[PDB]
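Protein chains in written order, with this note's numbering: chain Y, 1 to 237; chain U, 1001 to 1150; chain B, 2001 to 2208; chain L, 3001 to 3138.
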RNA sequence: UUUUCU
RNA sequence: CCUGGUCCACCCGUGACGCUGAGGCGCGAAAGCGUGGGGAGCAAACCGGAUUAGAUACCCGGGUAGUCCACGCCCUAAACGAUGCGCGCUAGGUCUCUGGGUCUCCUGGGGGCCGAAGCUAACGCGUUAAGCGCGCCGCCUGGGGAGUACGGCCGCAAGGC
RNA sequence: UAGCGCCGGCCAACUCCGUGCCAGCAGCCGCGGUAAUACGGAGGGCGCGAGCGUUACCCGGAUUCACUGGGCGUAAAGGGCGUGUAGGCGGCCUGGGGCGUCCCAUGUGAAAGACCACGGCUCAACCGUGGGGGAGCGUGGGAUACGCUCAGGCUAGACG
Ligand SMILES: CN[C@@H]1[C@H](O)[C@H](NC)[C@H]2O[C@@]3(O)C(=O)C[C@@H](C)O[C@H]3O[C@@H]2[C@H]1O
Ligand SMILES: [Mg+2]
Ligand SMILES: [Mg+2]
Ligand SMILES: [Mg+2]
Ligand SMILES: [Mg+2]
Ligand SMILES: [Mg+2]
Ligand SMILES: [Mg+2]
Ligand SMILES: [Mg+2]
Ligand SMILES: [Mg+2]
Ligand SMILES: [Mg+2]
Ligand SMILES: [Mg+2]
Ligand SMILES: [Mg+2]
Ligand SMILES: [Mg+2]
Ligand SMILES: [Mg+2]
Ligand SMILES: [Mg+2]
Ligand SMILES: [Mg+2]
Ligand SMILES: [Mg+2]
Ligand SMILES: [Mg+2]
Ligand SMILES: [Mg+2]
Ligand SMILES: [Mg+2]
Ligand SMILES: [Mg+2]
Ligand SMILES: [Mg+2]
Ligand SMILES: [Mg+2]
Ligand SMILES: [Mg+2]
Ligand SMILES: [Mg+2]
Ligand SMILES: [Mg+2]
Ligand SMILES: [Mg+2]
Ligand SMILES: [Mg+2]
Ligand SMILES: [Mg+2]
Ligand SMILES: [Mg+2]
Ligand SMILES: [Mg+2]
Ligand SMILES: [Mg+2]
Ligand SMILES: [Mg+2]
Ligand SMILES: [Zn+2]
């Protein structure tokens, strides 16, 4: 597991509209970019992953969150591999903090896929019947990955803490650890387990997330598989 | 287990084309008298609904009071808003000497002998918040030692 | 002078059962056995949550009406207890328990505290020989509290000390049913007493 | 100019710890160094060291905090919760050994300045001496 | 433009 | 032409010579006053037209003091940032005026905006603090009566304190 | 011998009748114009009791003159601005003095009263004996960190 000296991707990012609190990870600014201290990026990876195997083998759930477009597709691929839930579209206010409620949305979902498929799928006004097709499409759009969570996660993996701040907030408030690939544009003090590195870039992202899922899969009772997500990194370029 | 004391309930309003639309506010203290206290403030259209929501809220906001022979480790003064609350430890036989709000909180906190004093704005709601805030900053020699070790 | 007036009504108002009488407040009578609710027209309607005042008020009232002592005396005693070394709550109880009338009631010379008061008043009681007739007299540890030689033949005192044959006595007391003598061993503690009282509340009532 | 250097230093420390600095400089003065020694001994700071800045003598004060916390605002608890000047110019404060205040029931401390030297309320109470009540820390 | 009181 | 303040650079000189400041002294928008001069435009008062139930107003036509200058008074104000002065300490971002440097950046002085921590009843403030601190001055202590009455001081008066 | 105040909230104690913004109540909010726990009476009740209640005055609550312990952008409150007298305040290092300050001993701090104990009057009130503490000031001795003062040195403030 792992792979260091990965200047091959991550490191430096974000103009200079930084967050002073992230100075403890910025190596030096060169022609703009602040450039991240890859040494530390490892030191953090060490500790962070350690925490992940922890949950992983222990049979704990992790909610992967990446609304940002740069990692929208990826968040799925990897979260799909590990049997882990995710949020791709838009973080609904209170998914964690108002789980019991935003969960009924999932009950309703299933309840609808059940209605269709065959039983009564065609028994009432084709108008009302197409109205449902909407609820489904919608429910299925926003709950495609949050569908797994049956109880609050043991942790959260965030792609851009700033971008996904409300999520980070609910976690915090509920005492759920926060893991996050975060860089220059953010407050590291809010991340329980940080991974300082390029918050954007499909290439940058893909690497970190993949290895974290390789590591979730491994250390759980299974065998590692190469990520199909890398196909997306190629396509992006 | 927990005991519930009803600190205060107010009626509150809001003008509307058509009439005044009332709502209710209830402050609720929940404690075990073992060093576990909770403050909750919940509103709703009916008193009961409020009071219930209040206790619920209280149970979700507990503080671990470092009791110590019926009293408190040391003196503190906490300012919440324009409200100031002062707590002073006392020997046995003194009783809980304080106004209703800090009292109810202090009693369910399991406190049995304290010297109190409300200063500044005496808004029950803000006084209660300050009492809680105070109980929170309470420390033990242990804690202090722990903090200055190494 | 002391209260006077229907007593098994204070019991009702105070909720708890106060024993302001002898034999009867044991019979299936003492109203708390019949209508265990406050006196008057509204005694049975629902009761509103009492205010912190009401709470402290009643508690004091209760503790005080038990020893059937005035508010004046009751208060002074409190202030004394308050001023001495040691937990006011206990101390206060100790002083009230040291009243001569009470000790005579405690030794069984009298059926009730009221009766005890009258016994002392009519010089039927003696403290270390000399007779004392001050219900408020403070018995100290060591004092022997006997019945008057002259009075030892009073039917009532006979009837009473008779029923005393068998009955035990507080661990701070000692009775000699024989010569109708009793001795004040030590100041009773809060653990010794089993009053339906929350002394913490009474102390608070005077805080205000 | 600095009307009151001691108060100054106490404040630099107060301000630096509120933002969690690691170090922090305060212009060097024997008396200052004396006070600092107590702060260290009492475990309020990691310690300090004489350093030169712009050619002038300062005192790196190595601050220290509690551990990271839970829920929102995981900011560490402070080691120095309170630190306030008492005796001040235009308003001096002197106490006799029997008037030395007991800070937070002893959980806190006070720093007198006696003719037997700068001491904490206890050290002072021990040597049985009083003096200028410099500040209160807890 | 102005344009009171209830 | 005469003259005050101020910023930067070099680090050259003195060696705590500092900060604040009751009283005093000086300055102090407009209107206003005294003497003299000036007077295009504007314009209290005023003289008219109109509007109106009325119009001692708003609109229109005229118009004197005044507005201008010199000298001497007056001293007030939403004289406002409604925020006394000095010093130290506490994230950044962005625009701008002015100086220096190894000048697509750094460094200093100043003017703005967004904001860390923090403060605030809230609005908001936030290295140009209303944050954290020390020094000194001034001032407040419910509303009306009343900035009145009385007394004193000042003023030619109006009137000021 | 048992009385007096109170029962809308503050505040312990509620009902019927009468009355009808009247007559009246009222410490504050307020109550009374036909369903008044607020007026008057009655029944009941709460509080205290040879007392209870009122008026007056002092302290308290009032951190509401804030030393402890407050304030001044918009709530009352920054002086219209400056120059500057008295005064208040004063950077770093060394030395002398020892005025402030700190320490010890000693004198004084009457009695009464106050605190504690024991004791006298059957208790208590009241009173006896004994004990303890006590600010401030005088004198003797000592300390010198800080404030002061004197002498010397510095350059980070200030000025050139
Ligand atoms: C004329 N239609 C109005 C209109 O719908 C008003 N809301 C915009 C609506 O408002 C109400 O619903 C209210 O909230 C109060 C009431 C006075 O009028 C009600 O009826 C009001 C309706 O009568
Ligand atoms: Mg405040
Ligand atoms: Mg006591
Ligand atoms: Mg002081
Ligand atoms: Mg010039
Ligand atoms: Mg030079
Ligand atoms: Mg030289
Ligand atoms: Mg003019
Ligand atoms: Mg003129
Ligand atoms: Mg004209
Ligand atoms: Mg005109
Ligand atoms: Mg002028
Ligand atoms: Mg600037
Ligand atoms: Mg903030
Ligand atoms: Mg701002
Ligand atoms: Mg008045
Ligand atoms: Mg004149
Ligand atoms: Mg009541
Ligand atoms: Mg009438
Ligand atoms: Mg009626
Ligand atoms: Mg009444
Ligand atoms: Mg009535
Ligand atoms: Mg009497
Ligand atoms: Mg006062
Ligand atoms: Mg003050
Ligand atoms: Mg005030
Ligand atoms: Mg004002
Ligand atoms: Mg000004
Ligand atoms: Mg001067
Ligand atoms: Mg000095
Ligand atoms: Mg001396
Ligand atoms: Mg003496
Ligand atoms: Mg005796
Ligand atoms: Zn009974």
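Backbone N, C-alpha and C fix where the C-beta goes; we use that ideal spot for every residue, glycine too.
- Look at residue 1106 of chain U: its C-beta is not under 8 Å from any C-beta on chain L.
- Neighbours of residue 3123 of chain L in chain U, taken as residues at a C-beta separation under 7 Å, are lacking, since the least C-beta distance is about 16 Å.
- Contacts between residue 1097 of chain U and chain B, judged by CB atoms closer than 8 Å, involve 2204, 2207 in chain order.
- The Cβ-Cβ distance between residue 7 of chain Y and residue 38 of chain Y falls below 8 Å.
- Not flagged as an interface residue toward chain L: residue 1078 of chain U, since no C-beta distance is shorter than 8 Å.
- For residue 2052 of chain B, the neighbours in chain U by C-beta distance under 7 Å run, in chain order, 1100.
- For residue 2104 of chain B, the three-state secondary structure derived from DSSP is helix.
- For residue 96 of chain Y against residue 136 of chain Y, the beta-carbon gap comes to about 24 Å, at or over 8 Å, which does not count as contact.
- Within 8 Å of the CB of residue 1071 of chain U, no CB atom of chain B is found; the nearest one sits about 13 Å away.
- Residue 2067 of chain B is positioned such that its CB atom lies closer than 8 Å to that of residue 2102 of chain B.
- Residue 2089 of chain B reaches chain U at 1093, counting residues in chain order whose Cβ is nearer than 7 Å.
- According to DSSP, residue pairing for residue 2175 of chain B in a beta bridge involves B/2182.
- Listed in chain order, the positions of the segment 3055 to 3082 of chain L with a beta carbon within less than 9 Å of a beta carbon of chain Y are 3068, 3070, 3071, 3072, 3073, 3074, 3075.
- For residue 2076 of chain B, there are no C-beta contacts with chain U under 8 Å, since the nearest C-beta of that chain is about 18 Å from it.
- Residue burial annotation: residue 2126 of chain B is buried, with at least 16 other C-beta atoms found within 10 angstroms of its C-beta.
- Proximity of the segment 3043 to 3054 of chain L to the segment 3117 to 3132 of chain L falls short of the contact definition, fewer than three beta-carbon pairs being nearer than 8 Å.
- Beta-bridge analysis with DSSP links residue 1096 of chain U to U/1114.
- Those residues placing their Cβ nearer than 7 Å to any heavy atom of ligand 3 are, following chain order, U/1093, B/2081, B/2082, B/2083, B/2084, B/2085, B/2086, B/2087, B/2088, B/2091.
- For a cut-off of 8 Å, the C-beta gap from residue 1063 of chain U to residue 1132 of chain U is around 6 Å, short enough to register as a contact.
- For residue 3093 of chain L, the CB falls within less than 7 Å of some heavy atom of ligand 4.
- For residue 173 of chain Y, at least one C-beta of chain L is nearer than 8 Å to its own C-beta.
- Between residue 1003 of chain U and residue 1036 of chain U, the C-beta gap is not smaller than 8 Å, which leaves the two residues out of contact.
- CA-to-CA, the gap between residue 1111 of chain U and residue 1070 of chain U works out to about 5 Å.
- Here residue 2026 of chain B carries a helix assignment [DSSP, helix/strand/coil].
- In the DSSP assignment, residue 3132 of chain L is bridged to L/3094, L/3113.
- Secondary structure remark: continuous alpha helix (DSSP H) runs of at least 4 residues inside the segment 106 to 180 of chain Y, in chain order: 126 to 142, 165 to 174.
- Rounded to whole angstroms, the gap between the alpha carbons of residue 1114 of chain U and residue 2188 of chain B is 27 Å.
- Only buried fits residue 3108 of chain L, as 16 or more other CB atoms lie within 10 angstroms of its CB.
- Of the candidates Y/124, Y/128, Y/170, Y/170 places its Cα closest to the Cα of residue 98 of chain Y.
- Within 10 angstroms of the beta-carbon of residue 2176 of chain B lie fewer than 16 other beta-carbons, which makes it exposed.
- Among the residues of chain L, those whose CB is under 9 Å from the CB of residue 1075 of chain U are 3104, 3105, following chain order.
- Scanning Y/158, Y/11, Y/166 for the CA closest to the CA of residue 76 of chain Y turns up Y/158.
- Boundaries of the beta strand (DSSP E) around residue 193 of chain Y: 193 to 196.
- Within the segment 1123 to 1148 of chain U, the residues whose Cβ lies closer than 7 Å to any Cβ of chain L are, in chain order, 1139, 1141, 1144, 1147, 1148.
- 8 Å or more divides the Cβ of residue 187 of chain Y from the Cβ of residue 68 of chain Y.
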